[PDB]
């Protein structure tokens, strides 16, 4: 009994793991995930940067970051409005870095941006043109999370 039931439950657990993996594949598919491409998702809610980071972190994802023009357009299409990107110069003013770490390898700054305007701007929002504008991390913009290809 004991050992047989124990061996069975290991197979029951592996079966459930396979099923959950499949469920995740189906949900990603219905969410628009393209083959071998990272995908972006939003609940269309606007909130401050820290809340977006906490929200995407919970979902085991990260705040959306475009690494090229294609991804930048992908994020733009998903958000439909201004959306925070996972990029900030909070550590050293004027020096933008990915929240995941490192200096920028691609950018699409609007003319004369980033400018740390007025009282200060350490976050970044992709606007309705695909262009970028640094803005207050306290302002509320659309939450867009990113998941791996």
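Positions refer to the first chain, counted from 1. In this text, the rigid core denotes the largest set of C-alpha atoms whose superposition between the two forms falls within 1.5 Å.
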Which stretch is less alike in 4 other deposited structures of this protein, 65-73 or 37-45, counting RMS CA distance after the rigid core is superposed? 37-45
Given the B-factors recorded for C-alpha atoms, which segment has the greater mean, 27-35 or 99-107? 99-107
Would you tell me which stretch averages the higher CA B-factor in the PDB entry, 128-136 or 5-13? 128-136
In the PDB entry, which of 69, 83, 56, 41 has its C-alpha at the highest B-factor? 69
According to the PDB entry, is the CA B factor of residue 46 in the bottom, middle or top third of its chain, that is, lowest, middle or highest? middle
